[PDB]
Amino acid sequence: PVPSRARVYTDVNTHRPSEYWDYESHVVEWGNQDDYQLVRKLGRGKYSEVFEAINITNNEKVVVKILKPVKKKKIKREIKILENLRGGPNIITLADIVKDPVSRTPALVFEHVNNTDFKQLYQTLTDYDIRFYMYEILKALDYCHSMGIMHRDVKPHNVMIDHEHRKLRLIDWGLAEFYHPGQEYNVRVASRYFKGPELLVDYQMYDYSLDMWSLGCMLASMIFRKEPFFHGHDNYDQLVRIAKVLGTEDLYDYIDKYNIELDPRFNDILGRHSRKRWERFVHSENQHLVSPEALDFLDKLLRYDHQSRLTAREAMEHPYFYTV
Amino acid sequence: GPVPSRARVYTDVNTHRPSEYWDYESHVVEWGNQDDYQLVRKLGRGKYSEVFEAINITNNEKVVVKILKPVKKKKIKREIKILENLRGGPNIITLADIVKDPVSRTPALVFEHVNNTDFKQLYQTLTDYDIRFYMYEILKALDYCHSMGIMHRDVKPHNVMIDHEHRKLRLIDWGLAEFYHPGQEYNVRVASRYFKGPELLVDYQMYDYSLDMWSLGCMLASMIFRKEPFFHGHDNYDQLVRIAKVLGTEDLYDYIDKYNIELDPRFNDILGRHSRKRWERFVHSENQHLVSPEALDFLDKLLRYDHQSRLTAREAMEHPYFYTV
Ligand SMILES: O=P(O)(O)O[C@H]1[C@H](OP(=O)(O)O)[C@@H](OP(=O)(O)O)[C@H](OP(=O)(O)O)[C@@H](OP(=O)(O)O)[C@H]1OP(=O)(O)O
Ligand SMILES: Nc1ncnc2c1ncn2[C@@H]1O[C@H](COP(=O)(O)OP(=O)(O)O)[C@@H](O)[C@H]1O
Ligand SMILES: Nc1ncnc2c1ncn2[C@@H]1O[C@H](COP(=O)(O)OP(=O)(O)O)[C@@H](O)[C@H]1O
Ligand SMILES: CCc1ccccc1-c1ccc(CN)cc1Cl
Ligand SMILES: CCc1ccccc1-c1ccc(CN)cc1Cl
Ligand SMILES: CCc1ccccc1-c1ccc(CN)cc1Cl
Ligand SMILES: [Mg+2]
Ligand SMILES: [Mg+2]
Ligand SMILES: [Mg+2]
Ligand SMILES: [Mg+2]
Ligand SMILES: [Mg+2]
């Protein structure tokens with residue numbers, strides 16, 4: 001395959017000392033759990049059990065993410081990344097790192113966000129509200145990309161939003177990685193519906209632009225009221241769902257440009273598809289959330305060619321956000 | 001008999017935890033593979049061990065192998081359990097592995113390597129700021145082990161590794177450390193002579209975490225006054241007389257009366273009568289750059305006969321001596 005590198009913040013980690021990005025060598029100092037009293041279960045994801053808790057030393061409400069048995073390397077990476085980004089705009093704040101004394105179980109302690117329900121937001125959000133939130137996510141992405149980090153798991157479940165206080169926080173940094181120009185990354189990241197074409201065709205030299213694809217999938221689902229937008233039933237099918245909208249001509253153009261070897265499992269399922277106009281997804285139930293600016297912005301994020309997508313900074317300058 | 005005492009902080013942490021946490025006799029130790037380690041050179045040799053620098057040949061990383069001398073199996077299990085409980089704590093040495101010699105069956109503890117700066121070479125280069133910085137790093141380790149229900153009981157410069165170039169500090173040698181259980185009577189034959197608190201020297205067995213705060217005070221006094229050790233006893237009885245020559249005998253009798261302590265008759269002819277000395281009397285031209293009103297006030301609050309009257313590690317961290325760190 002042909003090499004590629006990010007168009008923005010390409011060398012931010014190259015110019016920083018090993019202490020910044022070498023998470024394997026990072027020294028983690030675990031706090032005592034006793035400061036925290038667990039209140040109730042909040043969530044339960046792929047590699048954790050999340051609890052609402054009270055820090056009994058200051059009466060402050062927190063969230064305790066009890067980590068499931070995984071590679072110690074992965075826990076160190078999530079901790080190092082959270083420490084590097086701590087205080088960044090709309091980045092969840094890691095407050096403490098604790099281990100259960102008796103069971104020796106790692107747990108991350110975060111600021112509590114009173115998260116408004118996904119299906120609840122889906123119905124009440126206005127055209128201005130969507131623009132405002134997208135802009136808040138873009139602030140978090142431009143910041144972590146500027147700090148030489150790719151989230152690699154951008155999706156609605158990893159975006160906490162307190163509507164009453166208009167607060168948004170990008171969470172779940174467990175799949176996040178440091179960007180190094182020319183590095184070949186694992187493509188088994190992100191959640192199926194939000195996976196970039198680069199991941200599905202097994203192109204390993206990807207960058208921050210992967211996050212911009214995932215963000216495009218989120219915007220399309222909100223404006224069109226179709227969740228998820230690209231509804232694959234497996235990883236191979238996921239690319240077919242993408243091809244049914246963007247077309248197969250631009251898909252072959254993409255794989256030819258990067259000299260990508262397409263897996264033979266795509267032989268009988270990909271077919272031939274024309275590019276669809278974004279205007280075809282507009283209906284009576286969603287027309288109040290769609291506009292020429294929204295469609296133009298969406299078209300600029302949902303591109304096969306990861307180099308052709310808007311960067312988080314270019315996205316912030318788009319006419320879609322002039323009202324925010 | 002003697003009046004009972006208990007720690008003012010973290011009193012009941014072990015009482016509220018299951019036996020698995022503090023019952024080290026029942027702890028199941030799993031021995032690793034010795035062949036992963038190749039010994040490089042001798043680093044140290046204490047009362048209980050021969051310590052070697054080693055290479056972990058599976059990852060080319062430097063480690064330290066502490067080969068343990070013939071001692072009670074109970075003591076080895078205790079050190080292993082405490083180290084496992086404290087693993088990952090701030091400035092606590094990390095136990096990386098536990099191994100056995102396949103032939104002699106000698107146990108050995110494998111630790112993270114610290115590139116320890118020579119104490120004599122450190123003694124002259126350290127500034128007032130460096131002393132405050134390293135004292136704060138030791139306090140982080142002590143507040144942590146005390147919060148985990150453990151007393152270190154051997155706090156001294158030789159058990160504090162400092163890699164000065166990286167400003168890295170590790171509290172090591174947990175071989176004498178014990179679990180704190182309120183009301184328990186402990187062996188007073190712990191710590192090294194110069195760092196032994198008055199409770200140990202008057203044979204008051206119901207001591208706690210505050211013993212570590214006295215030892216820390218001895219270390220601070222030796223650094224800011226450039227006098228090592230600060231209390232230079234020639235034996236355990238004389239060690240108390242050295243303390244009494246500084247803190248005075250009036251406060252010593254006040255301490256033993258408060259706890260109804262029976263003073264051993266061997267103190268009859270050696271203790272004498274001594275006035276309390278002002279801390280300002282130990283200030284000289286060679287050490288005045290390391291001394292300040294805040295340093296003397298902090299020192300005065302750690303070096304108290306009454307173990308309950310001493311600052312806890314957490315109160316020490318809030319002291320005006322640490323505002324610049
Ligand atoms: O090193 P120095 O500054 O000279 O002082 C010390 C100190 O004496 P002072 O406190 O009276 O200055 C020690 O005496 P004590 O503290 O025990 O009373 C003495 O220790 P010894 O009693 O073991 O001699 C030690 O000697 P050394 O450094 O050899 O241990 C001696 O130093 P001098 O050797 O110069 O007297
Ligand atoms: N800071 C937080 N505030 C409120 N709820 C949270 C917070 N962090 C996580 N949660 C909840 O816990 C769930 C799982 O957390 P997450 O970090 O995504 O773990 P996982 O890696 O297992 O997906 C989230 O989807 C959310 O509902
Ligand atoms: N992690 C370490 N890194 C570097 N040197 C060490 C380390 N642990 C011990 N040493 C050296 O070995 C000596 C003896 O170690 P220690 O644990 O204190 O054993 P003992 O109980 O016999 O005193 C120390 O005083 C120090 O010089
Ligand atoms: C549906 C994607 C989206 C696009 C634009 C604005 C908000 C969102 C959004 C909706 C719900 C949730 C639920 N935690 C999270 C988010 Cl980020
Ligand atoms: C004779 C030294 C020793 C004492 C106790 C436990 C283990 C060891 C030990 C033996 C052999 C080797 C070589 N790979 C390495 C080690 Cl560390
Ligand atoms: C002399 C005690 C002290 C007080 C304040 C700061 C540093 C120290 C100190 C000096 C040397 C050594 C040797 N490993 C260790 C330590 Cl901890
Ligand atoms: Mg998640
Ligand atoms: Mg999270
Ligand atoms: Mg020692
Ligand atoms: Mg040790
Ligand atoms: Mg020992």
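Note that ligands are numbered from 1 as they come in the structure, with each ligand's atoms numbered from 1 the same way. Residue numbers begin at 1 in each chain, while the letters A, B, ... track the order of the sequences.
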For this session: Indicate the ring-plane relationship of A:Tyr208 and A:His145, choosing parallel, tilted or perpendicular according to the 30° and 60° boundaries.
Result: tilted

Could you list each nitrogen or oxygen of ligand 5 that sits under 3.5 Å from a protein nitrogen or oxygen, with the atom names and the distance?
from, atom 1, to, atom 2, distance (Å)
ligand 5, 14 (N), B:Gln34, O, 3.3
ligand 5, 14 (N), B:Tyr37, O, 2.8

Problem set entry | Name of the residue among B:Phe225, B:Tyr194, B:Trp214 meeting ring pair (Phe, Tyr, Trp, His ring centres under 6.0 Å) with B:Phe231 | B:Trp214

Exercise. Can you say whether the rings of B:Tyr134 and B:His164 are parallel (under 30°), tilted (30 to 60°) or perpendicular (over 60°)?
Worked result: tilted

Exercise. Near the Mg ion (ligand 9), which protein N/O/S atoms fall under 2.8 Å?
Worked result: B:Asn159 OD1, B:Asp173 OD2

Exercise. So, B:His232 versus B:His234, ring centres under 6.0 angstrom or not?
Worked result: yes

Problem set entry | More than 12 heavy atoms from other groups under 6.0 Å of CZ on A:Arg104 | yes

Exercise. Between the side chain of B:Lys69 and the main-chain N/O of B:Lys47, is any donor-acceptor distance below 3.5 Å?
Worked result: no

Problem set entry | Residue that, paired with B:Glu178, satisfies side-chain hydrogen bond (donor to acceptor under 3.5 Å, both in side chains) out of B:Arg78, B:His152, B:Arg153 | B:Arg78

Exercise. Between the side chains of B:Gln121 and B:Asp118, does any donor sit under 3.5 Å from an acceptor?
Worked result: yes

Exercise. Does B:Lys227 count as lying over the ring of B:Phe230, i.e. NZ or CZ under 6.0 Å from the six-ring centre, within 45 degrees of the axis?
Worked result: yes

